[PDB]
Structure formats: structure tokens, C-alpha cells
Ligand SMILES: [Mg+2]
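Structure follows, in C-alpha cells:
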């Protein structure tokens, strides 16, 4: 009965799919038109904002709640720290990227061709900021993939459609990442036919 | 430096509700914290250097500052356990993380809009605000709080935004205020609230 | 002490109301205990409630003004004690 | 709805379609 | 333990607490009547002889349940409506029902 009103394209809907297909939840998605599902979800969703989860009693509309509920209720494998010191690191590191980078990509798509450059290169120099650090752990500040990298796998995958890429530096210690996380069955069996033509993988 | 002890570091705000929402849960667990009522134009030095996003409040405990209204009052409810503030069942837990999202995105804009809005919006917002807060009247009869026996964080998102009721020009009207107005007698004078209230925010009570 | 309610039903000419008035007045003397107006003689609370109804000092009308007078005088205890937050905050 | 319980039914139908 | 203190507490729980004797094939509404108990010693539920013609009870082995009205509105319905001194007129017709038999 666990339904999902995912978008077929948007990184948010691609966010939750990585969590579902990772934990092993037996779910069933009901697509949206482009990023607009029907008017028949306003009853279970006064916001009408995808994604939205519905499992027999519940209604939830956010990447925060929808993605952490599936962690606090389907325990293993766990996608978070264990002791309260480090959750605030992960719980806040994902507040960075969801505030700086994600809304930064608005003008790259929802902003005119002038501001597409205004967001393009000022962000690329950030893209290799944590790039050398990948010689610390395999994943983004973790030896075992967790919720924090859940905002990058659906973010990195949207690179060639967006426009910014790797050229010389920024690809030395960085491209090892996407060749290590893009093969996991979770991100393997989460890719859709619409979100796939944004690259050649 | 700032975190040089085992003590906190909170560059709170003296009027901004993010401080006053945090300090309730901040002090409701009985922890020795430091208050610094500081301004946006001129806060203290540490609030701007180690705070590369520069919000209000900002809590710092031996590793880094934690800036948010949610990340803070979550970090304390997950590290200082007793007494508890959020339920156990993850079904009725994240929904308790939903009213907090249907308030910061529902009844926050009715405060900023009344802070920078035109003359009719200030009552238009007060229109959509005052009657709507009466559309939630019968809730309190069933549960002694917002659909939860224990004092939980979802109640703490209300009272700081029920303590600024007439401070931005609001007063109740209609049948059934005795259920909600009498309810305010049950929350507005608690140790978690009484000792926590900022005297600057009190003078709009008379 | 009371064997028949034939006399405590002439103040209220209806059996199905005598068992409603006295069922409610006989609670105030048990929970949130008020005081029995009659002098009790080592009886329960029920039969004490049925001994006021006969002497007219309780009925479905008096049993509200006796209380709603109190429900607002506690609100007279609201505002007059509301001065306690009036002079405690300034 | 007949007897001592008939009283309280005088009030239930006096609410729906009203206040 | 049946300590000798409870035999004096039990008699104050039964001050004015009507019980509900009722016989088995209950034909008409007079087949259920409350009573105010009095503690005897033995194992037979005594019963006033006038009323034994309402239950239609010979005393040659017939038994009788005894319920207990529990709440506070339910031991007034057993004292106003159902008490045994209110039914001295059978509902089927005005003729008495407590005729000395
Ligand atoms: Mg026989």
C-alpha cells in the first residue's frame, strides 16, 4: 500500500527513490505529469507538492520528513550516525547543500541564459572544494554510504544536462566518487527512463 | 576560545523568535547555558567569525556552531534525553515533525508579512490569521496540548508564536475562545516558559 | 434512610428526571466534594441527594445557578488573579 | 432512547444541523 | 484471610446499595426488582414472602441470580424506577400485585 507520488525527473523525487530502493521497501510509484501530478492529490496533500508518501495512514510532504521516516522506521542498513555528536554534522551538512547548491541550480534552469553563467562557474570552483578530501574516505565524509551522500548521487547525475563538468582538475579525486556510487544496485535500480538521458551511464 | 569549555555557546537574539523558540527547549532540559541578547547590525565577534552562515540563534558546543531553529532544538532533544520531548513511535513521530513544517511555512509568513506588509495585509494577514487560529478551536478539548499528552516540541512552536499575539496587533473574537484562551492558562506560565521568557518580549503582555 | 421516592418526586413530577437531577447532585458530594445541604445521618451520597430534592433546595434549575454563579466567580478569580500576571510583569 | 436515556437524546438531535 | 476487620467494613459498603434479584424465565417487567440487602449467615438468598408471587417462585429449589448496579447513576435507577416498593400495581392492569397470597 506504500505509494509514492514521485516526479519522473526532479532530483527531489530521485532523492527519496534512493532511500526506498536502498532499504528494500516494497513500494509502488505513481508518476507525475512533468512535475505536476493530478489534481487528485490535493485531498491527501493540500500543498500538492511532490514528492508525497502515502502508506495506509500517513501523509508527508518534504524530502526531510519523507526521507528520514524511512530511516527511523526501517532500521537496517542505517543511513545515519549512532551517537548524537555526529548526527548534527550530517543533519546540518545536508542543510548546506539543500540551501546553497540546490537553489543555486534554479537560474541554471529557471534563470535566463545570462544568469546561467552567473551560477555556473561560481559553483564549479566549489565542486572541487571537497574534491581533494575524497582521499580521506570513500564517500562524502564516510567510509560507508549514508544519508549525507543521498543529496549528491541525484545531484551529480544531473551534471551533463545542466552543463558544468570536469576538465583537468576537479576530476582527479572527484570522478572516483561517481564511478563508485553509481554502480550500487540502489542507485542502479533507482534510475528511470526519463532521468537516464541526462548522461551515458 | 568560544567552545573552550564543556559549556555551550549561544549567540541568541533578544527579539527574534528563533532564540525564544530554542531557549524553551534549551532550558526545559535543565542545562547551564549562556544567554547573549545580541543584534543583527552588531552581534558579538564570535557570532560572525565561526558562523559562516550568520543566522540567529547559533549554538556552539566544543566542535562547531549549529545554526538553525530545527537543527538546534533537534540536537538537544537527541543528546540530552530527560525529560523527553518527542515521542517514540516513528509513525506519530515524524508527523510531529510535520506540524512544525506546517507552522514555519504556514504561520511564519503571516508574521513577516505583518512586519513588512501594507495596511490591509496587516489585517488581511490578521484576517487569515485570527480566524484560522479559531478554526483550530475544538482540538484542545480532546488533548491537553496539540494532540499530545506530554509537552512536546510541536507545542513549543506555538507558544512563542502565541506570545506575540497582540504584540503585532491581534485579539480573539468569536464563540469558543474559552477553550483556547483557557488553554493559554495551561502553557503560558510554565517553568520551561516562565524562567525562559525574555523580559523584552514580556512588556507587550500588559 | 430513604425507602421510597414518592415524596421526592412531587417536586419533580417525573421519575426519569428525578434519576437525572439527583444522579448529578449526588456526584458533587463525591468528586470535587461540595457539602450536603441536609444534615447527614451516616448515609450514602445517593440517598442524601434524594433527601434534598424533597425539600426543594435542589432541582434542575437551582442546580445550575448554584454553579454557573461559581463558574464565573472563578473567572472573577481569573481576572482578579489575572492582575497577578498584571503586576508581576511590570 | 426511551427511559432515563431519552433525556440525553433530547440534546443529541438538538446539536446536528445546529450549534 | 477473612480477618475480623473486613466484616465491619463490608457492612458499610452495603449501607444503601440496592442489588437486583431476578429469576430465570423472566416473563414480565415485574420479574426484575431491586432490594436492599441485609447480611445473613448461610447460603440461601432469603426473600420477602409477599414478592414471591411476582417472580412466580415456589420455595422448593428455585434459584435466583443477583446482579449489582455498579455506577452512581445505576443505583438510583435501582432505587427510583426499579425498587420493590414502587411496583404495587401490575402494568397489565390496575389490579394489585402484592396481594397477601
Ligand atoms: Mg419452583
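Residue numbers (our numbering), protein chains in the order written: chain W, 1 to 201; chain Y, 1001 to 1206; chain S, 2001 to 2090; chain R, 3001 to 3019; chain C, 4001 to 4101. Positions of the beta carbon are idealized from the N, C-alpha and C atoms, including for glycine.
So is residue 1207 of chain Y in contact with chain S if we call contact Cβ pairs under 8 angstroms? Past the edges of chain Y, shown from 1001 to 1206, lies residue 1207 of chain Y, and the structure says nothing about it.
Are residue 90 of chain W and residue 147 of chain W closer than 8 angstroms when you measure CB to CB? Counting from 1 along the first chain, the entry for residue 90 of chain W is found at position 90. Counting from 1 along the first chain, the entry for residue 147 of chain W is found at position 147. Between residue 90 of chain W and residue 147 of chain W, the C-beta gap is smaller than 8 angstroms, which places the two residues in contact.
Please list, in chain order, all residues of the same chain as residue 131 of chain W whose beta carbon is under 7 angstroms from its beta carbon, the five residues on each side excluded. For the purposes of this step, residue 131 of chain W is taken as the residue at position 131 of the first chain. These residues qualify, in order along the chain: 170, 173, 174.
Mark residue 2044 of chain S as exposed unless 16 or more other C-beta atoms lie within 10 angstroms of its C-beta, in which case mark it buried. Stepping through the third chain from its first residue, residue 2044 of chain S is reached at position 44. With 16 or more neighbouring CB atoms inside 10 Å of its own CB, residue 2044 of chain S falls in the buried class.
Neighbourhood of residue 1028 of chain Y by C-beta, 6 angstroms cutoff - its chain only, sequence neighbours within 5 removed: Taking the first residue of the second chain as position 1, residue 1028 of chain Y is located at position 28. If the five residues before and after residue 1028 of chain Y are omitted, its C-beta is found closer than 6 angstroms to the C-beta atoms of 1192, all from its own chain and listed in chain order.
Taking the beta strand (DSSP E) that residue 118 of chain W belongs to, which residues open and close that run? The residue you call residue 118 of chain W lines up with position 118 of the first chain. Residue 118 of chain W -> not in any beta strand (DSSP E); alpha helix (DSSP H) instead, spanning 113 to 127.
Round the Cβ separation of residue 2018 of chain S and residue 2026 of chain S to the nearest angstrom and send it over; I've been treating them as touching at under 8 angstroms. Working through the third chain from its first residue, we reach residue 2018 of chain S at position 18. Working through the third chain from its first residue, we reach residue 2026 of chain S at position 26. Contact flag wrong, Cβ pair sits at about 11 angstroms.
Quick check on residue 7 of chain W: buried or exposed, where buried means 16 or more other Cβ atoms within 10 Å of its Cβ? As a working note, residue 7 of chain W is residue 7 in the first chain. With 16 or more other Cβ atoms within 10 Å, it is buried.
Does the pairing of the segment 1040 to 1056 of chain Y with the segment 1100 to 1112 of chain Y give three or more beta-carbon distances under 8 angstroms? Cβ pair count under 8 angstroms is below three, so no.
Along the alpha helix (DSSP H) that carries residue 2008 of chain S, what are the first and last residues, could you check? Taking the first residue of the third chain as position 1, residue 2008 of chain S is located at position 8. First-last for residue 2008 of chain S: undefined, no H or E at that position.
Ligand 1 and residue 4103 of chain C: does any heavy atom of the ligand fall closer than 7 angstroms to the residue's C-beta? The displayed coordinates of chain C run from 4001 to 4101. Any statement about residue 4103 of chain C would go beyond what the structure contains.
Within-8 angstroms CB hit, residue 2086 of chain S to chain Y: Translated into positions along the third chain, residue 2086 of chain S becomes position 86. Closer than 8 angstroms: yes.
Alpha-carbon spacing of residue 4087 of chain C relative to residue 44 of chain W, whole angstroms: As a first step, residue 4087 of chain C is located in the fifth chain; it is residue number 87 there, counting from the start. As a first step, residue 44 of chain W is located in the first chain; it is residue number 44 there, counting from the start. Straight-line Cα distance between these residues: approximately 60 angstroms.
Return the CA-CA distance between residue 151 of chain W and residue 1063 of chain Y, expressed in angstroms with no decimal places. If you number the first chain from 1, residue 151 of chain W lands on position 151. If you number the second chain from 1, residue 1063 of chain Y lands on position 63. If I take the Cα positions, the gap works out to 24 angstroms.
Label residue 4007 of chain C either buried or exposed according to how many other C-beta atoms from any shown protein chain fall within 10 Å of its C-beta, with 16 as the threshold for buried. Your numbering for residue 4007 of chain C matches position 7 in the fifth chain. Exposed, because fewer than 16 other Cβ atoms sit within 10 Å of the Cβ of residue 4007 of chain C.
Against residue 1206 of chain Y, what residues of chain S qualify as contacts under a CB-to-CB distance less than 7 angstroms, listed in chain order? As a working note, residue 1206 of chain Y is residue 206 in the second chain. Taking a Cβ-Cβ threshold of 7 angstroms, the residues of chain S close to residue 1206 of chain Y are 2086, 2089, 2090, in chain order.
Please list the partners that residue 203 of chain W has in chain Y, where partner means a Cβ-to-Cβ separation under 8 angstroms. Lying before the first or after the last residue shown, residue 203 of chain W is absent from chain W, which here runs from 1 to 201.
State yes or no: is the beta carbon of residue 2043 of chain S nearer than 8 angstroms to at least one beta carbon in chain C? Stepping through the third chain from its first residue, residue 2043 of chain S is reached at position 43. For residue 2043 of chain S, the answer is yes, since a Cβ of chain C falls inside 8 angstroms of its Cβ.
Closer than 7 angstroms: residue 4057 of chain C CB and nearest ligand 3 heavy atom: Judged by which ligands are present, ligand 3 is missing from the structure shown, whose ligands are ligand 1.
Under 9 angstroms (Cβ pairs) to chain S, residues found in the segment 4031 to 4059 of chain C: Answer in chain order: 4036.
Taking the DSSP output, what are the residues bridged to residue 139 of chain W? Against the first chain, residue 139 of chain W aligns to sequence position 139. Beta-bridge pairing links residue 139 of chain W to W:142.
What ranges does the beta strand (DSSP E) occupy inside the segment 40 to 68 of chain W, keeping only unbroken runs of at least 3 residues that lie completely in it? Here no run is fully enclosed.
Contacts of residue 2019 of chain S in chain R (Cβ-Cβ under 7 angstroms): On the third chain, position 19 is the one that residue 2019 of chain S refers to. Here the neighbours are 3004.
Taking the beta carbon of residue 71 of chain W as the centre, do at least 16 other beta carbons fall within 10 Å, making it buried, or is it exposed? The sequence position of residue 71 of chain W within the first chain is 71, counting from 1. Buried.
For chain W, is any of its Cβ atoms less than 8 angstroms away from the one on residue 1071 of chain Y? Here the question's residue 1071 of chain Y lines up with position 71 in the second chain. Residue 1071 of chain Y counts as touching chain W.
Please check if any C-beta of chain W sits within less than 8 angstroms of the C-beta of residue 1030 of chain Y. As a first step, residue 1030 of chain Y must be located in the second chain, where it is residue number 30. Not one chain W Cβ lies under 8 angstroms of residue 1030 of chain Y.
Given a cut-off of 8 angstroms on the beta-carbon distance, is the pair residue 4 of chain W and residue 29 of chain W in contact? Position 4 of the first chain, counted from the first residue, corresponds to residue 4 of chain W. Position 29 of the first chain, counted from the first residue, corresponds to residue 29 of chain W. The answer is yes: Cβ separation under 8 angstroms.
Coil, strand or helix - residue 29 of chain W by DSSP: Here residue 29 of chain W refers to the residue found at position 29 of the first chain. Note: residue 29 of chain W maps to strand in three-state DSSP.
By Cβ distance below 7 angstroms, which residues in the same chain neighbour residue 1125 of chain Y in space, the five residues on each side in sequence not counted? Residue numbering aside, residue 1125 of chain Y sits at position 125 when the second chain is read from its first letter. Excluding positions up to five away in sequence, the list reads 1110, 1113, 1114, 1117.
Consider the Cβ of residue 95 of chain W: report whether some Cβ of chain Y lies at a distance smaller than 8 angstroms. If you number the first chain from 1, residue 95 of chain W lands on position 95. At least one C-beta of chain Y is nearer than 8 angstroms to the C-beta of residue 95 of chain W.
Could you check whether residue 67 of chain W and residue 136 of chain W sit closer than 8 angstroms to each other, using their CB atoms as the reference points? As a first step, residue 136 of chain W is located in the first chain; it is residue number 136 there, counting from the start. As a first step, residue 67 of chain W is located in the first chain; it is residue number 67 there, counting from the start. Not a contact, by the Cβ cut-off of 8 angstroms.
Between residue 4060 of chain C and ligand 1, is the CB less than 7 angstroms from at least one heavy atom? For this step, residue 4060 of chain C is matched to residue 60 along the fifth chain. At least one heavy atom of ligand 1 is nearer than 7 angstroms to the Cβ of residue 4060 of chain C, so yes.
Cα-Cα, which of W:63, W:139, W:161 is closest to residue 17 of chain W? As a first step, residue 17 of chain W is located in the first chain; it is residue number 17 there, counting from the start. Put simply, of W:63, W:139, W:161 the residue whose alpha carbon is nearest the alpha carbon of residue 17 of chain W is W:63.
For the beta strand (DSSP E) that residue 4066 of chain C lies in, which residues bound it at each end? Reading the fifth chain from its first residue, position 66 is the one you call residue 4066 of chain C. Looking at the DSSP string, the run of the beta strand (DSSP E) that includes residue 4066 of chain C is 4065 to 4067.
So with Cβ pairs under 8 angstroms, would you call residue 1093 of chain Y a contact of chain W? Numbered from 1 along the second chain, position 93 holds the residue referred to as residue 1093 of chain Y. The beta carbon of residue 1093 of chain Y sits closer than 8 angstroms to some beta carbon of chain W.
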